[PDB]
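Structure file target19.txt (compact mmCIF, C-alpha atoms and all ligand atoms) is printed below.
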# COMPACT_ATOMS: atom_id res chain seq x y z
CA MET O 1 107.62 -20.78 10.87
CA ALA O 2 105.29 -17.88 11.63
CA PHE O 3 104.47 -17.29 7.94
CA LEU O 4 103.33 -20.85 7.23
CA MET O 5 100.76 -20.13 9.93
CA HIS O 6 99.67 -17.09 7.90
CA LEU O 7 99.34 -19.07 4.66
CA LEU O 8 97.31 -21.76 6.44
CA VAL O 9 95.14 -19.13 8.14
CA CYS O 10 94.44 -17.52 4.76
CA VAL O 11 93.48 -20.76 3.03
CA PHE O 12 91.44 -21.74 6.10
CA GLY O 13 89.44 -18.51 6.29
CA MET O 14 88.96 -18.63 2.52
CA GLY O 15 86.59 -21.59 2.73
CA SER O 16 84.32 -19.78 5.17
CA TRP O 17 81.95 -18.62 2.41
CA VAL O 18 83.21 -20.31 -0.75
CA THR O 19 80.30 -22.71 -1.36
CA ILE O 20 77.54 -20.07 -1.46
CA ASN O 21 79.77 -17.85 -3.60
CA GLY O 22 80.46 -20.68 -6.03
CA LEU O 23 76.74 -21.44 -6.20
CA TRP O 24 75.81 -17.82 -6.90
CA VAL O 25 78.51 -17.47 -9.55
CA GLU O 26 77.35 -20.64 -11.31
CA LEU O 27 73.69 -19.58 -11.03
CA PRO O 28 73.72 -17.81 -14.45
CA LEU O 29 73.64 -21.36 -15.87
CA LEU O 30 71.50 -23.23 -13.32
CA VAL O 31 68.50 -21.06 -14.16
CA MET O 32 66.95 -21.65 -17.62
CA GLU O 33 67.04 -25.44 -17.11
CA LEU O 34 64.90 -25.59 -13.94
CA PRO O 35 61.16 -24.98 -13.52
CA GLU O 36 61.60 -21.86 -11.40
CA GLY O 37 63.59 -19.53 -13.64
CA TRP O 38 63.53 -15.86 -12.72
CA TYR O 39 61.94 -16.46 -9.29
CA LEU O 40 64.80 -18.61 -7.96
CA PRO O 41 66.92 -15.90 -6.25
CA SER O 42 63.82 -14.64 -4.44
CA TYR O 43 63.60 -17.91 -2.52
CA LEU O 44 67.35 -18.61 -2.39
CA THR O 45 67.74 -15.42 -0.35
CA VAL O 46 65.00 -16.10 2.23
CA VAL O 47 66.23 -19.69 2.58
CA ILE O 48 69.83 -18.60 3.17
CA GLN O 49 68.66 -16.06 5.74
CA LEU O 50 66.31 -18.44 7.58
CA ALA O 51 69.34 -20.71 7.81
CA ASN O 52 70.34 -18.26 10.56
CA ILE O 53 68.73 -20.78 12.84
CA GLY O 54 72.25 -22.22 13.06
CA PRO O 55 74.20 -19.49 14.87
CA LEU O 56 71.26 -18.85 17.20
CA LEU O 57 71.31 -22.51 18.22
CA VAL O 58 75.10 -22.57 18.60
CA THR O 59 74.90 -19.55 20.91
CA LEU O 60 72.07 -21.17 22.87
CA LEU O 61 74.16 -24.32 23.33
CA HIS O 62 77.23 -22.31 24.32
CA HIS O 63 75.18 -20.51 26.98
CA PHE O 64 73.31 -23.56 28.29
CA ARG O 65 76.13 -26.12 28.77
CA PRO O 66 79.52 -24.57 27.95
CA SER O 67 81.26 -27.54 29.58
CA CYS O 68 80.20 -29.97 26.85
CA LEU O 69 81.15 -27.46 24.14
CA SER O 70 84.07 -28.58 21.97
CA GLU O 71 85.09 -26.40 19.05
CA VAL O 72 87.30 -28.55 16.78
CA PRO O 73 84.69 -31.34 16.42
CA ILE O 74 82.19 -28.61 15.55
CA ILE O 75 84.41 -27.18 12.81
CA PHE O 76 85.35 -30.60 11.43
CA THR O 77 81.65 -31.44 11.31
CA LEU O 78 81.04 -28.22 9.39
CA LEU O 79 83.79 -28.82 6.84
CA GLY O 80 82.92 -32.48 6.23
CA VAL O 81 79.25 -31.64 5.81
CA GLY O 82 80.31 -28.95 3.35
CA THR O 83 82.35 -31.38 1.26
CA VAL O 84 79.68 -34.09 1.16
CA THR O 85 76.96 -31.54 0.43
CA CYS O 86 78.99 -30.26 -2.52
CA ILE O 87 79.56 -33.77 -3.91
CA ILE O 88 75.80 -34.36 -3.59
CA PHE O 89 74.87 -30.98 -5.10
CA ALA O 90 76.99 -32.03 -8.07
CA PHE O 91 74.43 -34.72 -8.91
CA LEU O 92 71.14 -33.66 -7.29
CA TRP O 93 70.78 -30.08 -8.53
CA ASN O 94 68.72 -30.77 -11.66
CA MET O 95 66.49 -33.47 -10.17
CA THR O 96 62.88 -32.31 -9.93
CA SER O 97 59.97 -33.88 -8.05
CA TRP O 98 56.27 -33.70 -8.87
CA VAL O 99 54.64 -32.37 -5.69
CA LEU O 100 51.68 -30.15 -4.80
CA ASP O 101 50.38 -30.28 -8.40
CA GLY O 102 53.43 -28.72 -10.02
CA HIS O 103 57.12 -29.00 -10.66
CA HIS O 104 59.31 -27.83 -7.79
CA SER O 105 63.02 -27.95 -6.96
CA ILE O 106 62.98 -29.47 -3.49
CA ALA O 107 66.48 -30.96 -3.64
CA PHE O 108 67.96 -27.60 -4.68
CA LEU O 109 66.18 -25.76 -1.87
CA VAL O 110 67.05 -28.16 0.94
CA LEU O 111 70.67 -28.57 -0.18
CA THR O 112 70.99 -24.79 -0.33
CA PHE O 113 69.57 -24.73 3.19
CA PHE O 114 72.32 -27.13 4.26
CA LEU O 115 75.12 -25.18 2.55
CA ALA O 116 73.81 -21.93 4.01
CA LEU O 117 73.61 -23.56 7.44
CA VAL O 118 77.26 -24.61 7.17
CA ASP O 119 78.48 -21.20 5.98
CA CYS O 120 76.32 -19.25 8.45
CA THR O 121 77.61 -21.38 11.32
CA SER O 122 81.19 -20.93 10.13
CA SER O 123 80.80 -17.18 10.63
CA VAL O 124 80.32 -17.57 14.39
CA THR O 125 82.46 -20.67 14.96
CA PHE O 126 85.53 -19.35 13.14
CA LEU O 127 86.29 -16.17 15.11
CA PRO O 128 86.79 -17.58 18.66
CA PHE O 129 89.20 -20.09 17.11
CA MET O 130 91.64 -17.28 16.30
CA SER O 131 91.46 -15.92 19.86
CA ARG O 132 93.85 -18.61 21.11
CA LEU O 133 96.30 -18.27 18.20
CA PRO O 134 98.84 -15.41 17.93
CA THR O 135 97.41 -11.96 17.31
CA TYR O 136 99.91 -11.39 14.50
CA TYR O 137 98.07 -14.14 12.56
CA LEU O 138 94.63 -12.53 12.88
CA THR O 139 94.82 -10.26 9.82
CA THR O 140 95.63 -12.82 7.11
CA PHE O 141 92.40 -14.47 8.23
CA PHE O 142 90.72 -11.37 6.81
CA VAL O 143 92.70 -11.65 3.58
CA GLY O 144 91.38 -15.19 3.18
CA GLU O 145 87.87 -14.01 4.04
CA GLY O 146 88.01 -11.30 1.40
CA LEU O 147 89.38 -13.61 -1.27
CA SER O 148 86.77 -16.30 -0.50
CA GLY O 149 85.06 -15.22 -3.72
CA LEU O 150 87.91 -14.88 -6.22
CA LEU O 151 88.61 -18.45 -7.39
CA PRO O 152 85.04 -19.59 -8.20
CA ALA O 153 84.76 -16.37 -10.19
CA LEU O 154 87.92 -17.23 -12.14
CA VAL O 155 86.76 -20.78 -12.86
CA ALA O 156 83.49 -19.29 -14.10
CA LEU O 157 85.32 -16.75 -16.27
CA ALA O 158 87.23 -19.64 -17.82
CA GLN O 159 83.89 -21.45 -18.20
CA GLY O 160 82.00 -18.62 -19.87
CA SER O 161 78.55 -19.28 -21.29
CA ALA O 216 79.14 -24.37 -22.41
CA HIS O 217 82.85 -25.07 -21.93
CA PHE O 218 82.12 -27.75 -19.33
CA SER O 219 79.00 -28.77 -17.45
CA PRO O 220 78.25 -27.47 -13.93
CA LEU O 221 79.15 -30.97 -12.66
CA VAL O 222 82.87 -30.33 -13.15
CA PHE O 223 82.57 -26.90 -11.52
CA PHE O 224 80.86 -28.38 -8.47
CA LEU O 225 83.48 -31.13 -8.27
CA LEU O 226 86.14 -28.41 -8.27
CA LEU O 227 84.21 -26.81 -5.42
CA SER O 228 84.38 -30.14 -3.60
CA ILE O 229 88.16 -30.31 -4.12
CA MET O 230 88.63 -26.77 -2.78
CA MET O 231 86.55 -27.64 0.27
CA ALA O 232 88.69 -30.77 0.71
CA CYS O 233 91.82 -28.60 0.70
CA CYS O 234 90.34 -26.32 3.36
CA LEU O 235 89.50 -29.48 5.32
CA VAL O 236 93.12 -30.67 5.09
CA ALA O 237 94.48 -27.26 6.11
CA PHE O 238 92.34 -26.92 9.23
CA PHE O 239 93.78 -30.19 10.57
CA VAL O 240 97.20 -28.62 11.21
CA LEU O 241 96.08 -25.58 13.23
CA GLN O 242 95.20 -27.63 16.32
CA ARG O 243 97.87 -30.31 15.87
CA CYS O 295 78.12 13.72 23.85
CA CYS O 296 74.98 11.87 22.76
CA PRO O 297 75.12 8.05 22.77
CA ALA O 298 73.75 7.84 19.23
CA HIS O 299 77.19 8.08 17.61
CA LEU O 300 77.70 4.33 18.01
CA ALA O 301 74.12 3.38 17.08
CA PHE O 302 74.66 5.22 13.80
CA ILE O 303 77.37 2.78 12.69
CA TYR O 304 75.32 -0.29 13.64
CA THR O 305 72.30 1.10 11.80
CA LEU O 306 74.43 1.83 8.74
CA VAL O 307 75.89 -1.69 8.68
CA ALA O 308 72.40 -3.16 8.99
CA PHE O 309 71.21 -0.91 6.15
CA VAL O 310 74.11 -1.65 3.81
CA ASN O 311 73.91 -5.41 4.36
CA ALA O 312 70.15 -5.34 3.85
CA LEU O 313 70.81 -3.58 0.55
CA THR O 314 73.57 -5.85 -0.73
CA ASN O 315 72.59 -9.26 0.72
CA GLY O 316 68.81 -9.42 0.81
CA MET O 317 67.20 -6.76 -1.35
CA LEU O 318 69.24 -6.27 -4.49
CA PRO O 319 70.34 -9.91 -4.89
CA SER O 320 66.65 -10.87 -4.74
CA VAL O 321 65.79 -9.18 -8.06
CA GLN O 322 69.05 -9.68 -9.94
CA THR O 323 67.30 -11.58 -12.74
CA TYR O 324 64.82 -8.83 -13.65
CA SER O 325 67.62 -6.26 -13.36
CA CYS O 326 70.39 -7.93 -15.36
CA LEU O 327 69.18 -10.82 -17.52
CA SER O 328 66.99 -8.60 -19.72
CA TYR O 329 70.03 -7.54 -21.76
CA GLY O 330 70.74 -11.17 -22.64
CA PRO O 331 72.72 -14.01 -21.11
CA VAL O 332 76.17 -12.42 -21.29
CA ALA O 333 75.01 -9.38 -19.33
CA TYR O 334 73.94 -11.55 -16.40
CA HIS O 335 77.03 -13.75 -16.73
CA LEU O 336 79.48 -10.84 -16.53
CA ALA O 337 77.39 -8.91 -14.00
CA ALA O 338 77.31 -11.77 -11.48
CA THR O 339 80.93 -12.82 -12.00
CA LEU O 340 82.43 -9.33 -11.87
CA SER O 341 80.20 -8.26 -8.99
CA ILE O 342 81.70 -11.22 -7.12
CA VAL O 343 85.28 -10.35 -8.13
CA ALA O 344 84.77 -6.67 -7.23
CA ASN O 345 84.42 -7.28 -3.49
CA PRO O 346 87.98 -8.63 -2.93
CA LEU O 347 89.60 -5.75 -4.82
CA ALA O 348 87.42 -3.31 -2.91
CA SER O 349 88.86 -4.80 0.28
CA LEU O 350 92.41 -4.53 -1.09
CA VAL O 351 92.05 -0.87 -2.09
CA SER O 352 90.61 -0.38 1.40
CA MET O 353 93.67 -2.02 2.92
CA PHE O 354 96.11 0.20 1.02
CA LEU O 355 94.23 3.54 1.21
CA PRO O 356 92.03 3.59 4.34
CA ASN O 357 89.86 6.35 5.79
CA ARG O 358 88.06 6.10 9.15
CA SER O 359 86.13 9.38 8.84
CA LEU O 360 82.38 8.97 9.24
CA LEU O 361 81.29 11.61 6.73
CA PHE O 362 83.31 10.13 3.86
CA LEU O 363 82.06 6.58 4.41
CA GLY O 364 78.51 7.89 4.71
CA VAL O 365 78.74 9.84 1.46
CA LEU O 366 80.20 6.82 -0.32
CA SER O 367 77.27 4.87 1.11
CA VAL O 368 74.88 7.41 -0.42
CA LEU O 369 76.64 7.07 -3.77
CA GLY O 370 76.39 3.29 -3.60
CA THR O 371 72.72 3.56 -2.67
CA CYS O 372 72.10 5.80 -5.68
CA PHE O 373 73.73 3.10 -7.80
CA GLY O 374 71.46 0.59 -6.07
CA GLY O 375 68.44 2.70 -6.94
CA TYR O 376 69.58 2.66 -10.55
CA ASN O 377 69.96 -1.12 -10.26
CA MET O 378 66.38 -1.52 -9.03
CA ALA O 379 64.92 1.04 -11.44
CA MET O 380 65.87 -1.08 -14.44
CA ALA O 381 64.51 -4.21 -12.77
CA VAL O 382 61.13 -2.57 -12.18
CA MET O 383 61.19 -1.86 -15.93
CA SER O 384 61.70 -5.30 -17.44
CA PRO O 385 61.27 -6.88 -20.07
CA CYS O 386 62.58 -3.70 -21.72
CA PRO O 387 64.64 -1.32 -19.56
CA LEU O 388 66.31 1.82 -20.90
CA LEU O 389 68.64 1.11 -23.83
CA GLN O 390 67.52 -2.51 -24.13
CA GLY O 391 69.23 -4.36 -26.95
CA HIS O 392 71.88 -1.63 -27.18
CA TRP O 393 75.68 -1.77 -26.99
CA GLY O 394 76.02 0.82 -24.25
CA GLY O 395 73.18 -0.63 -22.21
CA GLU O 396 74.96 -3.82 -21.21
CA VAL O 397 78.16 -2.02 -20.25
CA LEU O 398 76.10 0.48 -18.26
CA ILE O 399 74.36 -2.25 -16.26
CA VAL O 400 77.58 -4.23 -15.72
CA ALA O 401 79.49 -1.12 -14.66
CA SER O 402 76.61 -0.14 -12.37
CA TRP O 403 76.61 -3.52 -10.62
CA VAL O 404 80.41 -3.44 -10.28
CA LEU O 405 80.39 0.07 -8.83
CA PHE O 406 77.48 -0.66 -6.47
CA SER O 407 79.19 -3.78 -5.11
CA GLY O 408 82.61 -2.16 -4.85
CA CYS O 409 81.56 1.09 -3.21
CA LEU O 410 79.50 -0.84 -0.69
CA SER O 411 82.11 -3.52 0.06
CA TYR O 412 84.71 -0.82 0.73
CA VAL O 413 82.32 0.83 3.19
CA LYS O 414 81.70 -2.52 4.88
CA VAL O 415 85.42 -3.21 5.32
CA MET O 416 86.19 0.27 6.67
CA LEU O 417 83.33 0.16 9.16
CA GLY O 418 84.82 -3.18 10.15
CA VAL O 419 88.22 -1.61 10.79
CA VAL O 420 86.64 1.16 12.88
CA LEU O 421 84.74 -1.39 14.95
CA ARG O 422 87.78 -3.65 15.38
CA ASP O 423 89.91 -0.76 16.60
CA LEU O 424 87.19 0.10 19.11
CA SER O 425 86.70 -3.35 20.72
CA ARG O 426 85.69 -6.99 20.04
CA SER O 427 82.14 -6.93 21.39
CA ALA O 428 81.94 -4.40 18.57
CA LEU O 429 82.66 -7.22 16.11
CA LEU O 430 80.18 -9.56 17.79
CA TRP O 431 77.36 -7.02 17.53
CA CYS O 432 78.59 -6.27 14.01
CA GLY O 433 77.83 -9.85 13.07
CA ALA O 434 74.48 -9.63 14.84
CA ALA O 435 73.45 -6.49 12.95
CA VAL O 436 74.67 -7.89 9.63
CA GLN O 437 72.49 -10.96 10.06
CA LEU O 438 69.44 -9.02 11.26
CA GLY O 439 69.69 -6.59 8.35
CA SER O 440 70.08 -9.34 5.76
CA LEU O 441 67.05 -11.12 7.21
CA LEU O 442 64.91 -7.98 7.17
CA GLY O 443 65.90 -7.23 3.58
CA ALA O 444 64.98 -10.69 2.32
CA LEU O 445 61.71 -10.72 4.27
CA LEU O 446 60.80 -7.27 2.97
CA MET O 447 61.49 -8.12 -0.66
CA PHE O 448 59.73 -11.50 -0.57
CA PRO O 449 56.04 -10.42 -0.64
CA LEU O 450 56.80 -7.59 -3.07
CA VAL O 451 58.35 -9.92 -5.65
CA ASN O 452 56.33 -13.07 -5.15
CA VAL O 453 52.76 -12.29 -4.09
CA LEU O 454 52.05 -8.90 -5.67
CA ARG O 455 54.17 -9.67 -8.76
CA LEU O 456 55.43 -6.14 -9.37
CA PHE O 457 58.39 -7.36 -11.44
CA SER O 458 57.94 -8.79 -14.93
CA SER O 459 59.71 -11.56 -16.81
CA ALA O 460 60.86 -11.75 -20.41
CA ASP O 461 61.38 -14.14 -23.32
CA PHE O 462 64.55 -14.27 -25.40
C1 LIG H 501 73.06 -14.52 -1.57
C2 LIG H 501 74.26 -14.22 -0.68
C3 LIG H 501 74.06 -13.96 0.66
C4 LIG H 501 75.15 -13.68 1.46
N1 LIG H 501 74.96 -13.43 2.73
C5 LIG H 501 75.99 -13.17 3.50
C6 LIG H 501 75.78 -12.92 4.81
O1 LIG H 501 74.69 -12.94 5.24
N2 LIG H 501 76.80 -12.65 5.60
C7 LIG H 501 78.05 -12.62 5.09
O2 LIG H 501 78.97 -12.38 5.80
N3 LIG H 501 78.25 -12.88 3.79
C8 LIG H 501 77.24 -13.15 2.99
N4 LIG H 501 77.46 -13.38 1.70
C9 LIG H 501 78.79 -13.40 1.10
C10 LIG H 501 79.52 -12.07 1.04
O3 LIG H 501 78.99 -11.29 0.01
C11 LIG H 501 80.97 -12.38 0.70
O4 LIG H 501 81.13 -13.76 0.59
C12 LIG H 501 81.91 -11.84 1.77
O5 LIG H 501 83.20 -12.31 1.52
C13 LIG H 501 81.48 -12.30 3.16
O6 LIG H 501 82.53 -12.06 4.06
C14 LIG H 501 76.41 -13.66 0.93
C15 LIG H 501 76.61 -13.92 -0.41
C16 LIG H 501 75.53 -14.20 -1.21
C17 LIG H 501 75.76 -14.48 -2.69
Now that the file is in, can you turn its structure into structure tokens?
Ligand SMILES: Cc1cc2nc3c(=O)[nH]c(=O)nc-3n(C[C@H](O)[C@H](O)[C@H](O)CO)c2cc1C
Amino acid sequence: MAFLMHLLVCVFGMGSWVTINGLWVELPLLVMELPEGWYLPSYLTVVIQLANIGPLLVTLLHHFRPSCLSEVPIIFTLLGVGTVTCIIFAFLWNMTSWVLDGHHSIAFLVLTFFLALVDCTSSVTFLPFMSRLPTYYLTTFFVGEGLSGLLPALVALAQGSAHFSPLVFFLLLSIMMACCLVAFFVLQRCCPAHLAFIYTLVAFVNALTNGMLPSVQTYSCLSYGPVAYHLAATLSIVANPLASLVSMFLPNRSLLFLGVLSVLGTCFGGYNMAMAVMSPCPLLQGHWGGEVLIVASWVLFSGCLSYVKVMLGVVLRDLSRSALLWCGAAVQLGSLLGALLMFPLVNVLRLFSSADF
């Protein structure tokens, strides 16, 4: 039974980022009933990226006293905390407290901090678990990783703003996390600059697609109405798996081609930001072609950058494994820098404008 190992490894690597993805795909309904509104992603990004205090601490504790380190209790802790945090988030998302002379969503923020801590720690505690398993089972891990975002997107596309309250969606999230919990129980029972270029490009691309452009998605997309934001978020989440699949069938390791596709994706990202900086009325506002243009632009941006990410990953993996470690390091540093750079632009100076429907 080598292939049952592959199915388990897929469904186990799937849950590595499924809670944050479910949250961000349900977000087109969580806004508009909370006090924050269009500012919420701007915090939700900096919070998720400050939650990188997790992997730093796990590495510190691995370096200080590796003897006490035990991996399976760590991962069971992570998965159980994920499940309970989802069951709680089902009930405590819309609760609002009166603090600091104003309404604020403290429960939402701290529970997002906990979910982001769990998923950020999974990133660094899930790879050295596959080092002891067979090497022939290492790839279907990546299939599960890629498809981490497909099923919440499909539940949302059946939901469709509603059809059923976010409570049932979050309970489904809890059930999926419970299934990942069950599955994990069985696994243990010339010039030097040529490399620096790839690290810098991964940092840049992840800063663009994790911290910067997600931080202003409301101003960019929601101006065309609710359905524009609905489809844009859901299909931008579906478009990363299929980008990975097309990468797996038709791969290219040449640096120039991946760089040029990066430039094309960055031009699409500039078009994504240019409409945000022009709310409440961007070009072709309240027009048929406008919504399809913005949805297609988000889909193409996300796809052409996810493909580049996966192919840089294949290059790095065929070089060595310290490559993958530093890949994770650069991904996290770039995401952090992007969120920190876009925070004082959006929030203090208030360059971006809101709208009424
Ligand atoms: C707001 C947000 C931030 C994310 N940040 C990261 C991240 O820092 N690192 C990561 O690997 N995936 C991140 N992801 C998820 C990533 O786009 C997708 O789940 C990939 O499947 C990750 O392997 C993030 C997703 C969202 C919605």
Neighbours of ligand LIG 501 (chain H) at 9 Å or closer, counting all atoms listed in the file: which residues, as a PDB file with C-alpha atoms, in the coordinates of the input?
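Heads up, here's the output in part_6.pdb:
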ATOM      1  CA  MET O  14      88.960 -18.630   2.520  1.00  0.00           C
ATOM      2  CA  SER O  16      84.320 -19.780   5.170  1.00  0.00           C
ATOM      3  CA  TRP O  17      81.950 -18.620   2.410  1.00  0.00           C
ATOM      4  CA  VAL O  18      83.210 -20.310  -0.750  1.00  0.00           C
ATOM      5  CA  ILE O  20      77.540 -20.070  -1.460  1.00  0.00           C
ATOM      6  CA  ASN O  21      79.770 -17.850  -3.600  1.00  0.00           C
ATOM      7  CA  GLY O  22      80.460 -20.680  -6.030  1.00  0.00           C
ATOM      8  CA  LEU O  23      76.740 -21.440  -6.200  1.00  0.00           C
ATOM      9  CA  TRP O  24      75.810 -17.820  -6.900  1.00  0.00           C
ATOM     10  CA  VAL O  25      78.510 -17.470  -9.550  1.00  0.00           C
ATOM     11  CA  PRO O  41      66.920 -15.900  -6.250  1.00  0.00           C
ATOM     12  CA  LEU O  44      67.350 -18.610  -2.390  1.00  0.00           C
ATOM     13  CA  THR O  45      67.740 -15.420  -0.350  1.00  0.00           C
ATOM     14  CA  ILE O  48      69.830 -18.600   3.170  1.00  0.00           C
ATOM     15  CA  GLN O  49      68.660 -16.060   5.740  1.00  0.00           C
ATOM     16  CA  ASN O  52      70.340 -18.260  10.560  1.00  0.00           C
ATOM     17  CA  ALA O 116      73.810 -21.930   4.010  1.00  0.00           C
ATOM     18  CA  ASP O 119      78.480 -21.200   5.980  1.00  0.00           C
ATOM     19  CA  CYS O 120      76.320 -19.250   8.450  1.00  0.00           C
ATOM     20  CA  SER O 123      80.800 -17.180  10.630  1.00  0.00           C
ATOM     21  CA  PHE O 142      90.720 -11.370   6.810  1.00  0.00           C
ATOM     22  CA  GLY O 144      91.380 -15.190   3.180  1.00  0.00           C
ATOM     23  CA  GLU O 145      87.870 -14.010   4.040  1.00  0.00           C
ATOM     24  CA  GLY O 146      88.010 -11.300   1.400  1.00  0.00           C
ATOM     25  CA  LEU O 147      89.380 -13.610  -1.270  1.00  0.00           C
ATOM     26  CA  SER O 148      86.770 -16.300  -0.500  1.00  0.00           C
ATOM     27  CA  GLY O 149      85.060 -15.220  -3.720  1.00  0.00           C
ATOM     28  CA  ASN O 311      73.910  -5.410   4.360  1.00  0.00           C
ATOM     29  CA  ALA O 312      70.150  -5.340   3.850  1.00  0.00           C
ATOM     30  CA  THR O 314      73.570  -5.850  -0.730  1.00  0.00           C
ATOM     31  CA  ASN O 315      72.590  -9.260   0.720  1.00  0.00           C
ATOM     32  CA  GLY O 316      68.810  -9.420   0.810  1.00  0.00           C
ATOM     33  CA  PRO O 319      70.340  -9.910  -4.890  1.00  0.00           C
ATOM     34  CA  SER O 320      66.650 -10.870  -4.740  1.00  0.00           C
ATOM     35  CA  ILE O 342      81.700 -11.220  -7.120  1.00  0.00           C
ATOM     36  CA  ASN O 345      84.420  -7.280  -3.490  1.00  0.00           C
ATOM     37  CA  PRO O 346      87.980  -8.630  -2.930  1.00  0.00           C
ATOM     38  CA  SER O 411      82.110  -3.520   0.060  1.00  0.00           C
ATOM     39  CA  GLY O 433      77.830  -9.850  13.070  1.00  0.00           C
ATOM     40  CA  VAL O 436      74.670  -7.890   9.630  1.00  0.00           C
ATOM     41  CA  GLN O 437      72.490 -10.960  10.060  1.00  0.00           C
ATOM     42  CA  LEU O 438      69.440  -9.020  11.260  1.00  0.00           C
ATOM     43  CA  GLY O 439      69.690  -6.590   8.350  1.00  0.00           C
ATOM     44  CA  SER O 440      70.080  -9.340   5.760  1.00  0.00           C
ATOM     45  CA  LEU O 441      67.050 -11.120   7.210  1.00  0.00           C
TER      46      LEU O 441
END
Note to self: Using all atoms listed in the file, which protein or nucleic acid residues come within 12 Å of residue 326 (chain O)? Drop anything in the same chain fewer than 4 positions from it, and give the result as a PyMOL selection string.
What the structure shows: chain O and resi 28+38+318-322+330-338+341+376-388+390+395-403+459-460
Please dump the current selection as a PDB file, in the frame of the given file; keep C-alpha atoms.
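The resulting file, again-v9.pdb, is shown below:
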ATOM      1  CA  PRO O  28      73.720 -17.810 -14.450  1.00  0.00           C
ATOM      2  CA  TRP O  38      63.530 -15.860 -12.720  1.00  0.00           C
ATOM      3  CA  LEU O 318      69.240  -6.270  -4.490  1.00  0.00           C
ATOM      4  CA  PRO O 319      70.340  -9.910  -4.890  1.00  0.00           C
ATOM      5  CA  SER O 320      66.650 -10.870  -4.740  1.00  0.00           C
ATOM      6  CA  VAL O 321      65.790  -9.180  -8.060  1.00  0.00           C
ATOM      7  CA  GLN O 322      69.050  -9.680  -9.940  1.00  0.00           C
ATOM      8  CA  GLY O 330      70.740 -11.170 -22.640  1.00  0.00           C
ATOM      9  CA  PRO O 331      72.720 -14.010 -21.110  1.00  0.00           C
ATOM     10  CA  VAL O 332      76.170 -12.420 -21.290  1.00  0.00           C
ATOM     11  CA  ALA O 333      75.010  -9.380 -19.330  1.00  0.00           C
ATOM     12  CA  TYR O 334      73.940 -11.550 -16.400  1.00  0.00           C
ATOM     13  CA  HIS O 335      77.030 -13.750 -16.730  1.00  0.00           C
ATOM     14  CA  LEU O 336      79.480 -10.840 -16.530  1.00  0.00           C
ATOM     15  CA  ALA O 337      77.390  -8.910 -14.000  1.00  0.00           C
ATOM     16  CA  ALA O 338      77.310 -11.770 -11.480  1.00  0.00           C
ATOM     17  CA  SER O 341      80.200  -8.260  -8.990  1.00  0.00           C
ATOM     18  CA  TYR O 376      69.580   2.660 -10.550  1.00  0.00           C
ATOM     19  CA  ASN O 377      69.960  -1.120 -10.260  1.00  0.00           C
ATOM     20  CA  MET O 378      66.380  -1.520  -9.030  1.00  0.00           C
ATOM     21  CA  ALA O 379      64.920   1.040 -11.440  1.00  0.00           C
ATOM     22  CA  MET O 380      65.870  -1.080 -14.440  1.00  0.00           C
ATOM     23  CA  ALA O 381      64.510  -4.210 -12.770  1.00  0.00           C
ATOM     24  CA  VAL O 382      61.130  -2.570 -12.180  1.00  0.00           C
ATOM     25  CA  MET O 383      61.190  -1.860 -15.930  1.00  0.00           C
ATOM     26  CA  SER O 384      61.700  -5.300 -17.440  1.00  0.00           C
ATOM     27  CA  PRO O 385      61.270  -6.880 -20.070  1.00  0.00           C
ATOM     28  CA  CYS O 386      62.580  -3.700 -21.720  1.00  0.00           C
ATOM     29  CA  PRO O 387      64.640  -1.320 -19.560  1.00  0.00           C
ATOM     30  CA  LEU O 388      66.310   1.820 -20.900  1.00  0.00           C
ATOM     31  CA  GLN O 390      67.520  -2.510 -24.130  1.00  0.00           C
ATOM     32  CA  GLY O 395      73.180  -0.630 -22.210  1.00  0.00           C
ATOM     33  CA  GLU O 396      74.960  -3.820 -21.210  1.00  0.00           C
ATOM     34  CA  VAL O 397      78.160  -2.020 -20.250  1.00  0.00           C
ATOM     35  CA  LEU O 398      76.100   0.480 -18.260  1.00  0.00           C
ATOM     36  CA  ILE O 399      74.360  -2.250 -16.260  1.00  0.00           C
ATOM     37  CA  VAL O 400      77.580  -4.230 -15.720  1.00  0.00           C
ATOM     38  CA  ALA O 401      79.490  -1.120 -14.660  1.00  0.00           C
ATOM     39  CA  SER O 402      76.610  -0.140 -12.370  1.00  0.00           C
ATOM     40  CA  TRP O 403      76.610  -3.520 -10.620  1.00  0.00           C
ATOM     41  CA  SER O 459      59.710 -11.560 -16.810  1.00  0.00           C
ATOM     42  CA  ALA O 460      60.860 -11.750 -20.410  1.00  0.00           C
TER      43      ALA O 460
END
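Shown here are all protein and nucleic acid residues lying within 10 Å of (77.4, -24.6, -14.4), with all atoms listed in the file considered: residues 22, 23, 25, 26, 27, 28, 29, 30, 31, 90, 156, 159, 160, 161, 216, 217, 218, 219, 220, 221, 222, 223 and 224 of chain O.
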Export of prior selection with C-alpha atoms as a compact mmCIF listing (two decimals), in the coordinates of the input:
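Ended up saving to again36.txt:
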# COMPACT_ATOMS: atom_id res chain seq x y z
CA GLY O 22 80.46 -20.68 -6.03
CA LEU O 23 76.74 -21.44 -6.20
CA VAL O 25 78.51 -17.47 -9.55
CA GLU O 26 77.35 -20.64 -11.31
CA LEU O 27 73.69 -19.58 -11.03
CA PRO O 28 73.72 -17.81 -14.45
CA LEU O 29 73.64 -21.36 -15.87
CA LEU O 30 71.50 -23.23 -13.32
CA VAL O 31 68.50 -21.06 -14.16
CA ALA O 90 76.99 -32.03 -8.07
CA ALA O 156 83.49 -19.29 -14.10
CA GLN O 159 83.89 -21.45 -18.20
CA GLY O 160 82.00 -18.62 -19.87
CA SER O 161 78.55 -19.28 -21.29
CA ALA O 216 79.14 -24.37 -22.41
CA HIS O 217 82.85 -25.07 -21.93
CA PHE O 218 82.12 -27.75 -19.33
CA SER O 219 79.00 -28.77 -17.45
CA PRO O 220 78.25 -27.47 -13.93
CA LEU O 221 79.15 -30.97 -12.66
CA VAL O 222 82.87 -30.33 -13.15
CA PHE O 223 82.57 -26.90 -11.52
CA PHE O 224 80.86 -28.38 -8.47
